[PDB]
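Just one chain follows, in the form deposited in one PDB entry, and it is written as structure tokens.
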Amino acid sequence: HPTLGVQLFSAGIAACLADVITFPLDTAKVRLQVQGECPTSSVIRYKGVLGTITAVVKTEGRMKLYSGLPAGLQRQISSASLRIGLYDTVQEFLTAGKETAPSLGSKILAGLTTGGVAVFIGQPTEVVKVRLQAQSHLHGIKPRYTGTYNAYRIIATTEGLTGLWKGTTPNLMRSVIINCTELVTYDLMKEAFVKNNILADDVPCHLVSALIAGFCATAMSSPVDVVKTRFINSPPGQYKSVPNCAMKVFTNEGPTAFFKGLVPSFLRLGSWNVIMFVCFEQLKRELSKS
């Protein structure tokens, strides 16, 4: 049985490995999400997962793909630690408290609470990472920061500690939607496969269920994700509120804009989840048997 130290250390490393591997997908998602906000005279247009990544690598280099990565690693550490140390206690309070099974309701509430606390703790990392991923020298917007800690100090000094929590409520709602949609969709798909006997219950079945649920959650959260990215990236004063940003997006680009960066978002969710699962299991097994 993995101890807490090996679980916490394994979760941190698996999350960080998955993040460094799938970070170009996240950067491509952000670039696709902020593309139509401000018109650009440059002929550099982002279209697709590999199209966006290749355009970024050609016009800005490889290190521009991993811009804000230290912020992403900090977020991964805090989120993984909060999962390993808090999702356990709330879940076991809901299950063993009434001696009930981990029903979907208990799972929904546990994920909601853990995700909310994690979003609140890791919001400054999200602000810094999103602004660094979206900043570019080629579209007429002057980059505000040179790196993760430059961004940290500049945001803190010029706009307060509170300004490091900009976009918490969109991120919090997006977390709620991701969690609820993913859990409901996975249950519905797995019950369809197991009752209609469309597929046998082996890990291929759970993989199809999880992939379908991840895509459904990504599609369901895409409007909030686009609005959250644009709001977090915006400098002070551009948007009166988060509904203001959403309404401007709607009236100036339409319902399709709310799904900008949908393919990179879903690919990063799926690849991150599989990489973290594999790395986490292998790492905690080797640390426990070491």
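Residue positions are given as counts along the sequence shown, with the first one as 1. Take the two forms, find the largest set of C-alpha atoms that superpose within 1.5 Å, and that set is the rigid core.
What comes next is about the form deposited in another entry, which is not displayed.
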request  = Using a core superposition, identify the member of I44, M247, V57, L50 whose Cα displacement between the shown form and the other one reaches 2 Å or more.
outcome  = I44
ask   = Any chance the CA of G160 moves 2 angstroms or more between the shown form and the other one, core superposed?
value = no
query = Against the rigid core, is the Cα displacement of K142 between the shown form and the other one at least 2 Å?
reply = no
query = Core aligned, does the CA of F23 move at least 2 Å between the shown form and the other one?
reply = no
inquiry  = Taking the cut-off of 3 Å or more as given, in which direction does the distance between the C-alpha atoms of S42 and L65 change in that other deposited form, closer or farther?
reply    = farther
Direction of the Cα shift between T59 and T40 in that other deposited form, where the change is 3 Å or more = farther
